[PDB]
Amino acid sequence: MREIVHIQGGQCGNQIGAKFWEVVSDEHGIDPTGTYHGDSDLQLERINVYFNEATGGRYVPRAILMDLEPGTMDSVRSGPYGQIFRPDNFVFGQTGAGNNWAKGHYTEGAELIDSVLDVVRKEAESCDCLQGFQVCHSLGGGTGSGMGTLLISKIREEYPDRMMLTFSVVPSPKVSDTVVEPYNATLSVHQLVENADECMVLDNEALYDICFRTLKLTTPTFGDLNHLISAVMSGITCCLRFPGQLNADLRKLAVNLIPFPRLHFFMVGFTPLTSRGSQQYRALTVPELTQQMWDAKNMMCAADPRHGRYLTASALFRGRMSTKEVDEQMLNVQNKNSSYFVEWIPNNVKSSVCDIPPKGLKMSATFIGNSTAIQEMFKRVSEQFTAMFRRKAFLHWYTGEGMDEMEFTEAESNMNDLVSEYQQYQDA
Amino acid sequence: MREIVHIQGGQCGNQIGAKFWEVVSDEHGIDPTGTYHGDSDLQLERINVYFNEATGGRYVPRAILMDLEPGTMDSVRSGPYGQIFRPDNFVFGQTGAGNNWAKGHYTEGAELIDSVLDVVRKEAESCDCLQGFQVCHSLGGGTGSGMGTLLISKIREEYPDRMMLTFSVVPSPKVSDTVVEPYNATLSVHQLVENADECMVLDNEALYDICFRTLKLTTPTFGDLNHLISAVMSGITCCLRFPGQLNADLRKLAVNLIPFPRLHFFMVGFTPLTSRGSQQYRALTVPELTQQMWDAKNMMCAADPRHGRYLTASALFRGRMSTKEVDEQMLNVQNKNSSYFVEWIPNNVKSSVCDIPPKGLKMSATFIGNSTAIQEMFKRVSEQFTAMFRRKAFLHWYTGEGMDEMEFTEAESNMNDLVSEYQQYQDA
Amino acid sequence: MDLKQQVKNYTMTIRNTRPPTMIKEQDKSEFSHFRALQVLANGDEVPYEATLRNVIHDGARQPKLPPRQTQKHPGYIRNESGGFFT
Amino acid sequence: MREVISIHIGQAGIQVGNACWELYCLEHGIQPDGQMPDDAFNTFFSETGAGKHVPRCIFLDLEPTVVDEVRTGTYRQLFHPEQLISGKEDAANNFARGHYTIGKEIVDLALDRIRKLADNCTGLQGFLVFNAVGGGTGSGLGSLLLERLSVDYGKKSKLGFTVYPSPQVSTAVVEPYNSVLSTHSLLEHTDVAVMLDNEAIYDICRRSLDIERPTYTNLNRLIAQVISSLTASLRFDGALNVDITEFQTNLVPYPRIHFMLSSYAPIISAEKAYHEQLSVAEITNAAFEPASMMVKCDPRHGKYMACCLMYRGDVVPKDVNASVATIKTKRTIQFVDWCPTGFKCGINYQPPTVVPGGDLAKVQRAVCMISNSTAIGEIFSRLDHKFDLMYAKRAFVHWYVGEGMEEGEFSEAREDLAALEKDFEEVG
Amino acid sequence: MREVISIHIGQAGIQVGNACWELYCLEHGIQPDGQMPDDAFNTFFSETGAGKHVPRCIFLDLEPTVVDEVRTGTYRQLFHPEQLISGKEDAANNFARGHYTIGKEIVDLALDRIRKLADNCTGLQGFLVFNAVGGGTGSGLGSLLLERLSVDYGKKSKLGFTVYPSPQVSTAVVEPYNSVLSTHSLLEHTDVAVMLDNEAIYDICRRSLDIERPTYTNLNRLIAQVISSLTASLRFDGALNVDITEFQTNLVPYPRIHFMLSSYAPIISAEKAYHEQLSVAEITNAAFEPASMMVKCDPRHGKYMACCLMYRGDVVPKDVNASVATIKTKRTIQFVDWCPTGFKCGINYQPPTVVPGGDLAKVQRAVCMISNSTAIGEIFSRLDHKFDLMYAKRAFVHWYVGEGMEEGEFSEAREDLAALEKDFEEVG
């Protein structure tokens, strides 16, 4: 039960999905051939949440791979873990996205959704009790933003009761690999707020620092960044997969984190994170894991917590430990930094716990926080957008797809309305 | 409980701590691999004061090593016991010191304090009952004086209740390895008086004589000087580390030694000390240990106690003995040279003892005294300060970092008041 | 509750009605192993795998995570008043 | 003739049950495989046609992830699978999802399991609920169930051991919401309801047994001891045998006031058991200790409307008469005027049985104190506070109104508490 | 029936407690493991449910180091760890730290242990205090304790064996301060007070036993012999038995004058013992010798207000009244006019015991003397001078007023020292 279907949009989303499916395939101990070669029974009790059975004792992922320009889909097929995907779980088109949110969401998106919806419906019905969805965006490119939102809007009006996640990678405030990037960001946000339930936001810039300071990596390639997104994405669901003294389904994480329907942009962090040297000296206890997670550096988003207060947070532990320690740790933190939380919320952390740790480790944890610090991120973009929209730069591409200007003005105002709500509950 | 955090500032401070953390590491019988290989339980009973636990039964020192110009931190890390330090406990900056107190305390200070303070708190919480801080200085240089005083001020404003010891090495009256030496000295003394509780002042000159006459050393390297400071620094805390029929915490030494908040400048010395030859003649008895420490040579600071007067004093013995001997010994000295002591204090000495001797030795002692003869040092430095300040020598360097002339005037006045205080209670 | 769980419960009911007979969940060549050992006792020439016998049990799931040690060093933490933990 | 039906709703409920039904099979020699090698077990079992003893319990839950653990644990041979109920989806900490949308569709199932279980019992003493307030299942469903029970029986007695949301330690952000809603509905249905919380038991393991790493499994063993000593007279002999009817008539003077605290003594490890004698006077004093309670309430802030004592092991009736006389003499303990009596005691001759791998030690004496005190209204005032502290912001209310509820129930659950709070003040 | 509660505060208290409880367990056949291979021990022990005998003592301290030694010493199988109390931090010879700041938060633990220790006794003779005046724990806490004791019982008798700051030998520098603050605060609460000084006993070791290596152990040995001879009547047979009630009333004429000296005889090694026959007279002569006292107080400068002699071993009452008549005829002794009597003598039939590896020798006769004299004001006068000698300078005061004290207490305690001294003059 609680099965979950997984979607990957855009190039990046298709790439981190290659790791998420490679990390999990090793967790439950299956092979690149799709055969199981683990040892315990916990590898099999809740395997159905991530896989469908196959003939001959194979396991294939409940994944969908959507992206134009099928060149990328040859890559993931050629990776060491491409042989587990059903080669008909591949929807694509020869034409490019071009980073134009419009065509990704108006012209070339409308040509594929009828096929994608055919595929997601097919394996939405392959689940006994479908828990929810989850995607992998990239708010910069046109595939991720344009196709992702159009897909999401379709799912929402078809599966209203279910829940939609989003591991959207936000653009960088300092770095802009593209130029029309703020146009793709704001236009997507005008869709997510009303058409999602939980939306993690992640930025590669913070992923570079974490790999630089903590991990002491010299050359963090995109794999390592993807290796981190994979790590957390597995940490969210170990309750659904493994036994736990206090299990946390995704719907109970929702209700404990979003007091208002619109404040569903989260802030994520993983722990423990050390180099190979520090691994020898540091000891793995609940104290280490909670001070590291409550640090302002582990936040993979380009937002400073100290500029805001946690409306609510939540920590997920996995590893044989004592529940009392994690119960008082979240208490002390709630006491000392009383300025970093709110008053109308008496206890604003939830401390779930699982019984089975990661593969080679013995204790681990994951931090999720709904702080008002994220309002900074949207503030920034809302300038770069209103900077060029004041000059109508690059806008002719967007009128080239039957769009108008009202679409932007409505979209921008939606964020200014949103970030306004993050200020109301931040009484400084 | 009573866990103590250690600091090492400057070149010298980073260098003596290499010995200090080498001596103690062999006292408690742990290896350069960080694991314990002693014989008794006692090395484990109060091991918590100097170390933290680790995976695989390892013990890492609770020390913080801070210095610009990270060249020397390679030396200790290449030292035979550099493998035990947590490599996250290495704060350094590439830009040199420049022997300028300002940049060591105004521009380059602010760049590293935020980093250091993250470190000091990261293991200040690791202590169940933090006894106090302790730090190894060098008032001549720019890192030692500048950074430490800046660092000391910050510590005092978050741990005001605790005690701040200080093993600062003083500039020499006759030798000046540098030129601008008095400037950094006064600018540090203007900070030490207000943000410290106990300040041991030591000078390598007397360290040279004690190496020359008693130990009969032909060529003393800096490793031998630091070998001495390691001994006395390991001689203070035998009470917090080992049993004793009369133990002495630091806080009771402080109350028993400074009757006034500003007379916290001390004077130390070790006992016994002998070459290999006379060690085959000499006998180890408590009369031996007390005359050698009461003498006016062993005083590591370049001051003559006979010119001043002992306000307070103390003696810390280690080794199985009869404490009445120690009791009557200290009584004799208070009688014979009755002019080196004060009147309004009936008994101005404290006689401690520990039941645990040194590693290879069996009896040893340590001296400490708060005499007014120490004001001789602040007299000397005041001359060197006023001579150049009269002509504003090397002064543009200091103004080059936003500094002004008032800070020199008050720093001068504060020593003048200080040395004035040591005169009042010195009624000759 | 549902079809899948009712089938599950019926199979579990069968498992409980049947005696588990402390079974070993794998049976190798019992009498062949005995015969090969008797051949070794006197004839002194038997294949190695013929001499061998293999038996497995369930053991457990949960593949030997290392111990948590449940306890610090008795020099750091004290009970409420000075006193070890047990 | 004298049997009880033990229900276990929610995760904590069935967790504690995994300890109670662990203790009982050992108290009566029942092997984990259903069968041992009269009336000593009928209260908690029912011998089958031949050999096996099934525990007359019900394990109910909406999260499959924990019931399926008993389904594969060592204690599967005990339970017939028709007992262990599960569900494809859970309540996710929403009272409405537990009480309105999901819970409505499985009560008819369990109600038939009960009807198939009450008929086997000849003399039905009463039900035995294990609610865990603070979740969706325990609160929403458990309350929906008890409504369906009182319409069937009414005259029967419905007990309850409800873990309450602790003031300081709390692992939910919305649990002040559901807690109020649960009490507003269970109060007029149940007739007696024991209350307790986690942290009050966390400390007891630190004070008395001195285990620095208590987990949910440790607290569960202590809840097992409370019930065994409570229900022993239902299954064992002894002077002053106590039955639920005679346990209930003389402890709830008013219909609304039925909540009460609990306590237990002695609580000591093995080593502390050899340096003692454990006189009946010691235990009754330890039992009356406000620190030995299982709820974070201050009894000295109120009086005792009534009290009750179930001793165990080697006792004689005169000493209880003597010890209770000593208690009525002290001044720290108060009693309201309209109750001159207030001690309905009881003995059994069967000692408490310890479980291998348990934290307690073997004792030939034990006391379980239950008392209805007007001091308990303070902890109701906390939930009285936090509710309006958040309902003022209407936080999380979109979940409840979105799940078959409205604002009316909140306001209507509100008034009942203020009315209940004044009732605790009308007794003075 | 007849029991005493021995308390040990500070370092010296838990030091001598190691000696006395070594002596008793030796005298009564108690093995270190609780059990022995009635009422002979009930005065000092509580036979458990089977075999073990727990000593009815209590060890208090703020320095963990010493109470930790007993925990690892051989006598860990004797003390219920509930008895051995410690503290994370010490008092560091500051009265306020042991009295105002740290003492307050732990007495609730001690009185808890004491309440658990008095209820076990059916007839409580009185408390037995082993204080150490001159430190922060002994003086600060001990005084804070006695107030908590007298507010509790009052009717109970409080007896105190306190070590007093010796005038010549002075291991501290500030000990006049807290001693002054102690004597004032304790006086109105203790019913009797015995004071002893280490320096005197040191001289005793020299003349009689002839040990030029006297340690704190040997001194602690002798106190054990004194108290063992005192409690001898309480726990043994013998003509003219003495109990604390009648003992105290025939020794304290005025409520304020309860300060008394002590003496013991014979005190002889194993060689001088062979060349001697030990008649009662010479023992009583030595017991009245001012040198054989344990205080540096000369009784020949005042009068004896009363006196009490506790013999041991083979004595007949006719030898007693003969030897005492040899004293009251002597001129070197002086008594006050308003008492023709003044000798409360006691005999016991059990000889003194000797400790293997100890310093005493086997003797069949033994006498201890306790006298109340007005001459004690002499050593009280020294502390009067030393206080103002440093209070005019206000030395060390910034500690006290910083540790939760004021300047009144210095003046307030000052007057009662004057007040007491005049009272010792009004009896002339």
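As written, the chain order gives the labels A, B, C, D and E, with residue 1 at the start of each chain.
Just so we're on the same page, a contact is a pair of C-beta atoms (placed from the backbone, for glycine too) under 8 Å apart; a residue touches a chain by one contact, two chains touch by 3 or more.
Chemist: From subunit C, which chain is the farthest off, judged by mean CA positions?
Modeler: It is E whose centre lies farthest from that of subunit C.
Chemist: If you fit subunit D onto subunit E using only Cα atoms, how far does it have to rotate, to the nearest 5°?
Modeler: 25
Chemist: I'd like the Å distance between the centres of subunit C and subunit D, where a centre is the mean of that chain's Cα atoms.
Modeler: 37
Chemist: So the centre of each chain is just the mean of its C-alpha atoms; given that, what is the distance between subunit B and subunit E in Å?
Modeler: The mean C-alpha positions of subunit B and subunit E differ by 41 Å.
Chemist: Determine the centre-to-centre distance between subunit D and subunit E, using the mean Cα coordinates as centres, and give it in whole Å.
Modeler: 53
Chemist: Just the number, please: Cα centre separation of subunit B and subunit D in whole Å.
Modeler: 61
Chemist: Residue numbers in subunit D touching 2 or more other chains?
Modeler: Residue numbers touching two or more other chains: 88, 213, 271.
Chemist: Would you give the residues of subunit B that are in contact with at least 2 other chains, written as numbers and ranges?
Modeler: 1, 45-46, 53, 128
Chemist: Give me the residue numbers in subunit C that touch at least two other chains, ranges are fine.
Modeler: 68, 72, 77-80, 83
Chemist: What are all the touching pairs of chains?
Modeler: Touching chain pairs, listed by label, come out as A-B, A-C, A-D, B-C, B-E, C-D, C-E, D-E.
Chemist: Using the touch definition up top, name the residues of subunit D that touch subunit C in the complex.
Modeler: 71, 76-77, 80-82, 85-88, 106, 109, 206-207, 210-213, 269, 271
Chemist: Which of the residues in subunit E end up touching subunit C in this complex?
Modeler: So the residues of subunit E in touch with subunit C come to 61, 64, 67-68, 71, 81, 84-88, 106, 109.
Chemist: So in the complex, which bits of subunit D are touching subunit E?
Modeler: 271-272, 274-279, 281-282, 285, 364
Chemist: Applying the document's contact rule, which stretches of subunit E touch subunit B when the two form their complex?
Modeler: On the subunit E side, the touching residues are 11, 15, 63-66, 68-69, 72, 88-90, 92-94, 136, 168-174, 176, 199, 202, 212-216, 386, 389-390, 392-393, 395-396, 398-399.
Chemist: Under the stated contact criterion, what part of subunit B meets subunit A in this complex?
Modeler: It is residues 34, 52-55, 58, 60, 86-88, 122, 125-126 of subunit B that touch subunit A.
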